[PDB]
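One structure is given below, encoded as structure tokens.
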Amino acid sequence: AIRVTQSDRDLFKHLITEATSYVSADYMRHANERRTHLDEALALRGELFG
Amino acid sequence: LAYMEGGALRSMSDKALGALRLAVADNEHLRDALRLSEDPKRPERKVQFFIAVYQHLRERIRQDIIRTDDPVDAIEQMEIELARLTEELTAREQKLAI
Amino acid sequence: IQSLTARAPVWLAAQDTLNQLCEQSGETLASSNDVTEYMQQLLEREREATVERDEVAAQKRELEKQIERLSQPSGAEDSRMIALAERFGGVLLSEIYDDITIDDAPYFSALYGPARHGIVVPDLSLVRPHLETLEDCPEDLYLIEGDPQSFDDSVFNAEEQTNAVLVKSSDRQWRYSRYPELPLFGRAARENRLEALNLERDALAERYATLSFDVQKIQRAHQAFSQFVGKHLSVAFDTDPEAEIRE
Amino acid sequence: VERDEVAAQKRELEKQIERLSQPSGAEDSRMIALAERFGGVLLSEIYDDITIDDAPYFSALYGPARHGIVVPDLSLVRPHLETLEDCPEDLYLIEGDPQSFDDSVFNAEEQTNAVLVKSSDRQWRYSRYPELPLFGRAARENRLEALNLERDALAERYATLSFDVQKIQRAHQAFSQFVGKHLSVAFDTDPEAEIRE
């Protein structure tokens, strides 16, 4: 039993970690890109109007 | 992660992908999804890959001994099982027979 | 803004770990002192669950020992008795009465009393030289003389009474035995009773499994909180930087 | 955890000592009632004062019959026998003078650390020397005191562990308060130099 459960735990713990990091990092990068786009739009808008 | 520059984020993403390629080598469904995920112009594909991974894990939980549907929560129960089984392994030594 | 920005990521990591930790528990934490008092309640639950675990363990040990006494070869004080049975030209009495029915089993068990598990040896003088060597034996060994193959009822001054038996063991000595239930002799249905005991012990094993699992859960919860405070208090429960940066 | 462990063992010792109900080492009161119902006396009560040196020998000699009533008549029991239901499942009775109890009929022969008794026709019984014999009790106060010594050792160990835990908790509270009120400035440099600049 200890052998089987050891294998299952190792598989779960490694695969879940890699999937989570790979997905979440890209998700946050997109969030930051959108923030940068909004900041650029507002800055250029402001100085253009003024 | 909100307080980091994009270069570090990309470094982590790339190294994670490097690990994933090896982890997912044998499976085909997950391998197809991961393949589809790497075009930057279609973000939802990555979350779809994540959903595929979670569903695939949920089928393998073996609920005979576990009940949580979320795998991340199932890790703690596997840890508890390891501790308990290692404790049961201790000794009895009442050995005497014909 | 620079100070707040440098401080922010640490506070955010700490908050994520804290939220995960308290959500994992039933109670919600709000301060250092609160976390400490939760530590104490966790210790109390440890030391209660452990007591129930140990008590059930004691019952399980008793059950296995009881089952084991009824096992083999003809359930008896088997540790030494089998060797003691062959080292003399004799046969174990309980083995001679292996086949007796359930109706006569209580009668015979009352009749033979403590001597149920003695050995039959037809001379009892051939043991006299061997006897001095017996340093490894039950504290009270019983020997009977008769034909092991067709052993006649040992001459007892026996007398049947209502649900009991009277016997004169010696001049100026009498023993009075009340009919027991589920006796030694008749080791055909005594397997029936050990079957009942197996059914009983299954439940104890299951319950003990659950209790041990619970104790391990509590111990790991304490480990998690200790790890947390080791890595976390420097910024725990501080004010949110997102708000102040926005301001 | 350790102080709880010691408390559990001390409970076990206290239970064992409590099991020494009366006078020092429990004796079944039901047997006293039975000895009252028939003219006679409990055998252990007759030999409760014999020397500790010979006590194991006597206990080996009597075997299961150690707990029995000395009834010199045996005529009172037989009519009352069918009336006995609360009695111990294996009741033992012996005939002799309770006041001056002559040696019971045993064809007893003494072996190295053991006794051999020809109980009946075609029956011998063999027994080895035990400890804590039922006879020669003399209250066996020395065993009660040995158990008391063990119990007091456990109590002392428990006391030390409780004291230690109290110390540790006090240190913990001190640190909690410190990080509650000085952590923000802990390990920083002296501001006087900067003020001078």
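Going line by line, the protein sequences match chains A, B, C and D. With the entry's author numbering applied, the first sequence covers 248 to 297. With the entry's author numbering applied, the second sequence covers 1138 to 1235. With the entry's author numbering applied, the third sequence covers 594 to 840. With the entry's author numbering applied, the fourth sequence covers 644 to 840. A virtual CB, placed ideally from N, CA and C, is assigned to each residue, including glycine.
Closest Cβ-Cβ distance between residue i and chain A: below 8 Å?
i	result
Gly1143 of chain B	yes
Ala1156 of chain B	yes
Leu1194 of chain B	yes
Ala1170 of chain B	no
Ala1153 of chain B	yes
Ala1162 of chain B	no
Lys1183 of chain B	yes
Could you give the first and the last residue of the continuous alpha helix (DSSP H) run that contains residue i?
i	result
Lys1152 of chain B	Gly1143 to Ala1160
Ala802 of chain C	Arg783 to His825
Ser672 of chain C	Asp671 to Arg680
residue 592 of chain C	Because residue 592 of chain C is not part of the residues shown, which for chain C are 594 to 840, the question remains open.
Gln652 of chain C	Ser625 to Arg662
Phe1186 of chain B	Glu1181 to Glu1196
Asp255 of chain A	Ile249 to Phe296
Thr1223 of chain B	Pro1208 to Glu1225
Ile689 of chain D	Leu686 to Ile689
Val714 of chain D	That residue, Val714 of chain D, is in no alpha helix (DSSP H); it is neither H nor E in DSSP.
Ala836 of chain C	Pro834 to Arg839
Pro722 of chain C	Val720 to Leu724
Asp1169 of chain B	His1166 to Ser1174
Going by CA-CA distance only, name the one from the options that's closest to residue i.
i	options	result
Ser763 of chain C	C:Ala751, C:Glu799 and C:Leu804	C:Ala751
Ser743 of chain D	D:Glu784, D:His710, D:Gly683 and D:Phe749	D:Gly683
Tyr772 of chain C	C:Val822, C:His815, C:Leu704 and C:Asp740	C:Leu704
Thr803 of chain C	B:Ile1202, B:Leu1154 and B:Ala1145	B:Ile1202
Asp733 of chain C	D:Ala757, D:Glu799, D:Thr726 and D:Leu797	D:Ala757
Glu1213 of chain B	C:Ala623, C:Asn626 and C:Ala817	C:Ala817
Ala1160 of chain B	A:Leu289, A:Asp257 and A:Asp286	A:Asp257
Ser747 of chain C	D:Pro722, D:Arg765, D:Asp671 and D:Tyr769	D:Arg765
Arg813 of chain C	C:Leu636, C:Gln754 and C:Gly739	C:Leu636
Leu1194 of chain B	A:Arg250, A:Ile249 and A:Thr264	A:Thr264
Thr643 of chain C	D:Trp767, D:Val644, D:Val808 and D:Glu753	D:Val644
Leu736 of chain D	D:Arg709, D:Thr726, D:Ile660 and D:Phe749	D:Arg709
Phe681 of chain D	D:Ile660, D:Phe701 and D:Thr726	D:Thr726
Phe1186 of chain B	B:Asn1164, B:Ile1198 and B:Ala1211	B:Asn1164
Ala798 of chain C	C:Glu655, C:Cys615, C:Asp745 and C:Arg783	C:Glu655
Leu724 of chain C	D:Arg783, D:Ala676 and D:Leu759	D:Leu759
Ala650 of chain C	B:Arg1229, B:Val1184 and B:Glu1175	B:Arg1229
Using a Cβ cut-off of 8 Å (strictly closer), state whether residue i contacts chain D.
i	result
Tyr735 of chain C	yes
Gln742 of chain C	no
Kindly indicate the opening and closing residues of the beta strand (DSSP E) around residue i.
i	result
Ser702 of chain C	Per DSSP, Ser702 of chain C belongs to no beta strand (DSSP E); it is in the alpha helix (DSSP H), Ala698 to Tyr705.
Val758 of chain C	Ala757 to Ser763
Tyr735 of chain C	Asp733 to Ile737
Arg780 of chain C	That residue, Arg780 of chain C, is in no beta strand (DSSP E); it is neither H nor E in DSSP.
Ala751 of chain D	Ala751 to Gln754
residue 545 of chain C	No answer is possible for residue 545 of chain C: the residues shown for chain C start at 594 and end at 840.
Is residue i close to chain B? Criterion is C-beta to C-beta, closer than 8 Å.
i	result
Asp286 of chain A	no
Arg800 of chain C	no
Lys810 of chain C	yes
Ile675 of chain C	yes
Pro731 of chain C	no
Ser268 of chain A	yes
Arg813 of chain C	yes
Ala290 of chain A	no
Can you confirm whether residue i, when its beta carbon is compared against all beta carbons of chain C, has any partner nearer than 8 Å?
i	result
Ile1212 of chain B	no
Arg1221 of chain B	yes
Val758 of chain D	no
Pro707 of chain D	yes
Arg654 of chain D	no
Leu1233 of chain B	yes
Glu1230 of chain B	no
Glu1216 of chain B	yes
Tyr1140 of chain B	yes
If I'm right that residue i touches residue j with Cβ under 8 Å, what's the distance once you round it to whole angstroms?
i	j	result
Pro776 of chain C	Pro707 of chain C	That belief does not hold up - the Cβ atoms of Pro776 of chain C and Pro707 of chain C are roughly 13 Å apart, past 8 Å.
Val713 of chain C	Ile689 of chain C	7 Å
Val1190 of chain B	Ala266 of chain A	5 Å
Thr610 of chain C	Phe821 of chain C	6 Å
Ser819 of chain D	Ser625 of chain C	6 Å
Along chain F, in chain order, which residues have C-beta atoms closer than 7 Å to that of residue i?
i	result
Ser763 of chain C	Within the model displayed, chain F is absent; protein chains A, B, C and D are what it includes.
*Quick check: the stretch 718 to 736 of chain D against the stretch 780 to 797 of chain D, are there 3 or more CB pairs under 8 Å?*
Proximity of the stretch 718 to 736 of chain D to the stretch 780 to 797 of chain D falls short of the contact definition, fewer than three beta-carbon pairs being nearer than 8 Å.
*Are the stretch 595 to 607 of chain C and the stretch 829 to 838 of chain C in contact at 8 Å, needing three or more beta carbon pairs?*
Under the three-pair Cβ rule at 8 Å, the stretch 595 to 607 of chain C counts as touching the stretch 829 to 838 of chain C.
*Three or more C-beta pairs below 8 Å linking the stretch 821 to 832 of chain C and the stretch 664 to 671 of chain C*: Because the criterion of three Cβ pairs below 8 Å is not met, the stretch 821 to 832 of chain C and the stretch 664 to 671 of chain C do not touch.
_Contact between the stretch 285 to 297 of chain A and the stretch 1144 to 1157 of chain B is defined here as three or more beta-carbon pairs at a separation below 8 Å; is this criterion met?_
They do not touch, by the three-pair rule.
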